[PDB]
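Peer 1:
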Amino acid sequence: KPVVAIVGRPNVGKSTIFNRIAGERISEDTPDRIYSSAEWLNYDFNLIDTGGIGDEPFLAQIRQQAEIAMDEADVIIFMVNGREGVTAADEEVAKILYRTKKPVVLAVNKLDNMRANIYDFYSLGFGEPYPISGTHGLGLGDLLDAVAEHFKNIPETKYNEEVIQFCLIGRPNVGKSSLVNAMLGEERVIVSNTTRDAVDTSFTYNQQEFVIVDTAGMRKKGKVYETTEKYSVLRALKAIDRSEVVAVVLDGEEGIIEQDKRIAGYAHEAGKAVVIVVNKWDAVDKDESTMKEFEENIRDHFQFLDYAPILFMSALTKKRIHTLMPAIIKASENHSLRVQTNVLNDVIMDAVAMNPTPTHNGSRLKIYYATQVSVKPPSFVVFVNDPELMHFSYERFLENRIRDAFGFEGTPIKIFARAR
Ligand SMILES: Nc1nc2c(ncn2[C@@H]2O[C@H](COP(=O)(O)OP(=O)(O)NP(=O)(O)O)[C@@H](O)[C@H]2O)c(=O)[nH]1
Ligand SMILES: [K+]
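This is the structure in structure tokens:
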């Protein structure tokens with residue numbers, strides 16, 4: 003079932019790594041020239057081979075084939091040639107593969123792990141570069157480890173790449189069902205159309224394709240009595256895996272409860288963009304200064320969700336319901352957001368300029384370079400002398416500096432340390 007792609011510029015030796023691992027052609033899949045993976049090789053997957061019968067010239071071939079790969083394949087082996095380092099022609103191929111939520115693994119062809129010394133590869137922004145010998149097959153196993161690892165994260169339910177999926181999560185009786193039907197009744201929304212894909216509500220808002228994942232979970236309770244939360248809770252954690260934005264909805268009336276932290280924590284530690292919703296705010300009786308007293312109340316108990324918005328709204332009175340889709344669309348953008356490597360590093364340079372780096376006992380930390388590695392959430396790698404020397408307090412001081420530069424509200428962000 004999993005389908006691996008093999009993208010790059012022309013003459014990087016795609017076909018030499020393709021014919022190494024591509025087994026036998028299979029002309032009963034959702035089909040192209042499809043090849044089952046090597047029978048000798050112990051992972052099982054499908055090679056996709058690009059052959060789309064627009065414009066013909068130099069630049070407008072990579073457009074065509076990378077697009078096809080981006081659409082059908084589940085993991086994408088972006089492949090470069092190491093015989094002269096990176097090219098601006100490759101940087102352009104990287105720019106085409108930036109427009110995709112699916113994971114992309116860099117392959118540096120014809121080098122050692126040694127000759128893979130150039131920061132230019134990391135700058136492309138698909139994480140660790142993996143060196144290969146297309147002649148000898150060296151370094152191909154560790155590569156396919158990085159490919160196969162992403163098979164346990166491949167969705168069972170898929171949509172068009174332009175579609176954005178999300179979920180509403182919360183305890184028993186907080187208005188998730190009411191909230192959604194208000195958002196459907198909403199002015200700007202249009203709907204769509209048995210069982211297999213009759214579980215998620217597919218609407219459009221501002222001519223943008225949108226999926227609410229597991230409306231079936233809303234619709235279950237209504238035909239079924241409450242045996243336990245433990246089933247709804249885990250059915251929500253299943254939806255978060257499929258989703259990209261988690262709309263973590265509280266009840267304004269009772270306030271925050273132990274169990275709220277459980278379902279939200281998972282979304283943070285899943286890495287998804289979080290947008291908190293305080294429903295039933297009509298039923299909250301207000302004074303001069305209570306709504307901000309409710310926020311500062313939220314930020315103690317949810318101190319792992321700082322980056323998230325907090326809204327207040329109501330499904331009954333229809334107050335601030337219009338705010339919901341806006342906040343989502345924002346979280347999606349920030350969650351998907353990819354940054355430019357020159358700009359990033361200047362922010363990192365600026366970061367040290369203000370606050371001196373950590374001292375240990377003479378040997379001070381130095382930051383050499385910094386690159387974004389993947390999106391959703393946006394993940395960064397700071398290159399230093401000593402990864403152990405960069406402490407978390409400094410590590411997130413860089414987050415806040417990076418958040419200042421490119422916004423980031425809605426998304427969490429990953430910072431890593433590598434060396435050498
Ligand atoms: N006053 C007020 N009541 C609300 C609001 N939103 C929902 N409710 C009430 O909250 C009750 C329970 O929430 P419901 O709409 O079923 O959504 P739910 O939290 O998904 N139910 P479940 O937990 O079983 O999935 C409903 O009977 C509804 O009338 C609101 O904005 N204001
Ligand atoms: K270097």
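Positions 3 to 29, 32 to 35, 40 to 61, 64 to 123, 126 to 205, 209 to 435 (the authors' numbering) are the ones given, in order, by the sequence shown. By construction, the Cβ of each residue, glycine as well, lies at the ideal position given by its N, Cα and C atoms.
1. Return yes when the C-beta of residue 279 is under 6 Å from any heavy atom of ligand 1, and no when it is not.
2. For the alpha helix (DSSP H) that contains residue 409, what are its first and last residues?
3. Does the stretch 364–382 come close enough to the stretch 218–233 to have 3 or more Cβ pairs within less than 8 Å?
4. Return the chain-ordered list of same chain residues with a C-beta closer than 6 Å to the C-beta of residue 5, the five sequence neighbours on each side being excluded.
5. Hey, how far is the Cα of residue 361 from the Cα of residue 384?
6. In this structure, how does DSSP classify residue 51 when only helix, strand and coil are distinguished?
7. Indicate the three-state DSSP secondary structure (helix, strand or coil) for residue 203 in the structure shown.
8. Figure out for me which residue from 246, 165, 138 and 394 has the closest Cα to the Cα of residue 431.
9. So is the beta-carbon of residue 134 under 6 Å away from any non-hydrogen atom of ligand 2?
10. For residue 45, report the span of its beta strand (DSSP E) as first-last.
11. Ignoring anything shorter than 3 residues or poking outside the stretch 258–324, list the beta strand (DSSP E) runs there in chain order.
12. Given residue 42, which residues of its chain have a CB within under 6 Å of its CB, disregarding the five upstream and five downstream residues?
13. Below 7 Å between beta carbons: does that hold for residue 188 and residue 264?
14. Give me the DSSP bridge partner(s) of residue 326.
15. Would you call residue 427 buried or exposed, if buried means 16 or more other Cβ atoms sit within 10 Å of its Cβ?
16. Have a look at residue 333 and residue 46 and give me their C-alpha separation to the nearest angstrom.
17. Do you know whose CA, among 314, 111, 400 and 183, lies nearest residue 246's CA?
18. Got a sec, what are the start and stop residues for the alpha helix (DSSP H) residue 35 sits in?
19. Going by beta-carbon coordinates alone, are residue 201 and residue 218 separated by less than 7 Å?
20. Nearest by alpha-carbon distance to residue 327: which of 348, 301 and 351 is it?
21. Per the DSSP calculation, residue 108 is bridged to which residue(s)?
22. Starting from residue 223 and walking both ways along the alpha helix (DSSP H), at which residues does that stretch end?
23. Do you know whose CA, among 159, 104, 253 and 135, lies nearest residue 167's CA?
24. For residue 88 versus residue 116, is the C-beta distance shorter than 7 Å?
25. Grab the span of the beta strand (DSSP E) containing residue 429 for me, first residue to last.
Peer 2: So, from the data block:
1. Stepping through the sequence shown from its first residue, residue 279 is reached at position 264. No, the Cβ of residue 279 stays beyond 6 Å of every heavy atom of ligand 1.
2. On the sequence shown, position 394 is the one that residue 409 refers to. That run of the alpha helix (DSSP H) goes 407–421.
3. no
4. Within the sequence shown, residue 5 is the residue found at index 3, counting from 1. Answer for residue 5: 54, 56, 83 and 84, listed in chain order.
5. The sequence position of residue 361 within the sequence shown is 346, counting from 1. The sequence position of residue 384 within the sequence shown is 369, counting from 1. So the alpha carbons of these two residues sit roughly 10 Å apart.
6. Position 43 of the sequence shown holds residue 51. Residue 51: coil per DSSP, three-state reduction.
7. Walking along the sequence shown from the start, residue 203 turns up at place 191. The answer is coil: DSSP assigns residue 203 none of H, G, I, E or B.
8. By 1-based counting over the sequence shown, the position of residue 431 is 416. Residue 394 is the option with its Cα nearest to residue 431.
9. Your numbering for residue 134 matches position 122 in the sequence shown. Because no heavy atom of ligand 2 lies under 6 Å away, the Cβ of residue 134 does not count as near it: no.
10. By 1-based counting over the sequence shown, the position of residue 45 is 37. Per DSSP, residue 45 belongs to the beta strand (DSSP E) from 41–45.
11. 260–266 and 291–294
12. Here residue 42 refers to the residue found at position 34 of the sequence shown. So the list reads 28 and 54, once near-sequence residues are dropped.
13. The residue given as residue 188 occupies position 176 in the sequence shown. The residue given as residue 264 occupies position 249 in the sequence shown. Result yes, Cβ atoms of residue 188 and residue 264 sit closer than 7 Å.
14. Position 311 of the sequence shown, counted from the first residue, corresponds to residue 326. Answer by DSSP bridge pairing, in chain order: 292.
15. Taking the first residue of the sequence shown as position 1, residue 427 is located at position 412. Burial call: buried.
16. One-based indexing of the sequence shown puts residue 333 at position 318. One-based indexing of the sequence shown puts residue 46 at position 38. Their Cα atoms are separated by approximately 57 Å.
17. As a position in the sequence shown, residue 246 is number 231, starting the count at 1. Measuring from the Cα of residue 246, the nearest candidate turns out to be 183.
18. One-based indexing of the sequence shown puts residue 35 at position 31. That residue, residue 35, is in no alpha helix (DSSP H); it is neither H nor E in DSSP.
19. The sequence position of residue 201 within the sequence shown is 189, counting from 1. The sequence position of residue 218 within the sequence shown is 203, counting from 1. In contact: residue 201 and residue 218 (Cβ atoms closer than 7 Å).
20. For the purposes of this step, residue 327 is taken as the residue at position 312 of the sequence shown. Ranking 348, 301 and 351 by Cα distance to residue 327 puts 301 first.
21. Position 98 of the sequence shown holds residue 108. Residue 108 pairs with nothing; no bridge assigned.
22. As a first step, residue 223 must be located in the sequence shown, where it is residue number 208. Premise fails: residue 223 is in no alpha helix (DSSP H) and is neither H nor E.
23. Indexing the sequence shown from 1 puts residue 167 at position 155. Taking only the C-alpha atoms, the option nearest residue 167 is 253.
24. Counted from its first residue, the sequence shown places residue 88 at position 78. Counted from its first residue, the sequence shown places residue 116 at position 106. Yes, they are a contact pair.
25. Here residue 429 is taken as the residue at index 414 of the sequence shown, counted from 1. Unbroken beta strand (DSSP E) run through residue 429: 429–434.
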